[PDB]
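Laboratory data are not the source of any read-out in this text; all were calculated from the coordinates shown. Cβ sites come from the backbone with ideal geometry, for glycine too, and all protein chains shown count toward neighbours.
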Amino acid sequence: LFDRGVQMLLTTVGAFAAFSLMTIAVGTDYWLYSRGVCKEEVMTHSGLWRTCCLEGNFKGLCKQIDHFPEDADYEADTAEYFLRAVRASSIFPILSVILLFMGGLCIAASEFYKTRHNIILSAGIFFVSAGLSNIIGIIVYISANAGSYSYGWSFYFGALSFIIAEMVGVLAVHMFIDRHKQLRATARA
Amino acid sequence: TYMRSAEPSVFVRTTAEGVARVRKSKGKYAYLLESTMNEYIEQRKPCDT
């Protein structure tokens, strides 16, 4: 909002924080708190790949998530199959992870070859797209849930990583406006 | 002719396993049984038919 060095530092630290939070969110098996089984129904903490027990006779023995359950899964329509494929493969959380990493690389590499004026816009677009991918992934995960529960901290880790990415993306493109604004100012004089 | 071409065979050896396939299908299988017996189960346990 003021100066450039701090604003550079603020954007970089925000991008790194968003990347770390989102990477933790993807790799943490604490997304959903619901009653279930880790092999009778009991309190379980779920993620995207494994779900263990809480307050159970054994503690911390997860299984692979039954993305395609056996024993008469009953099948479903093409849209439901598509949704199950997205939820199982987690393409949107991972795609957002990739976009966040790419934007972090772009902003980090901006300190090299300052002349190229589209790398910062590329970083901003990458961060904005990562935020949109976060929205889509959260929505698809919650929809797959509905198919007494509470969400784990890692789900809220990935919820704030969308807010930070958009606030980083807002600043990143804002830097593109001002640094291009200087070009007109020096051209007029 | 469909039960001839129904692979796997939809025929049930006993009347107990006929309803058993129904409760394990969740609306994907229909059972042809006597009407008097049918009115029993629809009020009998597990009250899902």
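Taking the stated definitions as given, is A:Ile125 closer than 27 Å to A:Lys63 by Cα and either more than 16 Å from the chain's Cα centre (by Cα) or in a helix (DSSP H, G or I) (or both)? For A:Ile125, the condition - closer than 27 Å to A:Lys63 by Cα and either more than 16 Å from the chain's Cα centre (by Cα) or in a helix (DSSP H, G or I) (or both) - is not met. B:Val19 meets all of the listed conditions (1) out of contact with any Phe, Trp or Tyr (no Cβ under 8 Å at 6 or more places or on another chain); (2) surrounded by 13 or more Cβ atoms within 10 Å (Cβ to Cβ) but one, namely (1).
Is there a residue in region A:102-109 that is outside any helix (DSSP H, G or I) and surrounded by 15 or more Cβ atoms within 10 Å (Cβ to Cβ)? Explain how you work it out, then say what you get.
Taking region A:102-109 as the starting set, the residues that turn out to be outside any helix (DSSP H, G or I) are none.
Checking region A:102-109: not a single residue is outside any helix (DSSP H, G or I) and surrounded by 15 or more Cβ atoms within 10 Å (Cβ to Cβ).
Step by step: first the residues of region B:16-31, then only those that are away from chain A (no Cβ under 14 Å) and under 8 Å from the mean Cα position of the chain (by Cα), then the one that is nearest to A:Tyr74 (Cα to Cα). Which residue is that?
The extreme case among them is B:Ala30.
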